[PDB]
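In the entry's author numbering, the protein residues as written are 283 to 376.
Here's the structure we're looking at; comments come further down.
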Amino acid sequence: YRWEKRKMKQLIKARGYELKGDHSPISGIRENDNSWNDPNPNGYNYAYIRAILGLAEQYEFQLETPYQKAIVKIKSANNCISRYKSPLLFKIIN
RNA sequence: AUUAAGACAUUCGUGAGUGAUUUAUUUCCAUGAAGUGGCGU
């Protein structure tokens, strides 16, 4: 299981659209590795990892030129899960 | 010409007087104006 963000950024570069930044999207847990390229001959698992810690709808991706943006918008694909409050609670007492 | 004849059960007379469709009853019960951040390790 890997990122939905890296999931998203993979297809934007599948056509010519250069995103701002100097380092490729992260693979692997550790080390300073970079991979703007194929994962591996076998394949990779992509799931909406960030849904469980608070569902999000619209993702702005900063194109190289400020002039435009690129937007990814998320929907339940069957109109069931339109919400998820973050399953974490922050309590500040004294 | 005969125990006959004669005689409107009629006159007068308000179905009227008194009397609230009123009394009692919560438009109320349940319900988070809330959720999420995104972008260049």
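The C-beta atom is built at its ideal place from N, Cα and C for all residues, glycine as well.
If you draw a straight line from the Cα of residue 288 to the Cα of residue 358, it comes to about 20 Å. With fewer than 16 neighbouring CB atoms inside 10 Å of its own CB, residue 373 falls in the exposed class. When the Cα atoms are used, residue 323 and residue 335 turn out to be separated by approximately 31 Å. By the CB criterion at 9 Å, residue 285 and residue 349 fall outside the cutoff. Residue 337 holds the alpha-carbon nearest to the alpha-carbon of residue 369 among 337, 325, 345. Contact check for residue 316 against residue 307 passes: the beta carbons are separated by less than 9 Å. Taking a C-beta distance under 9 Å as the contact criterion, residue 343 and residue 375 do not qualify as a contact pair.
In this model, residue 319 and residue 290 are separated by some 14 Å (Cα to Cα).
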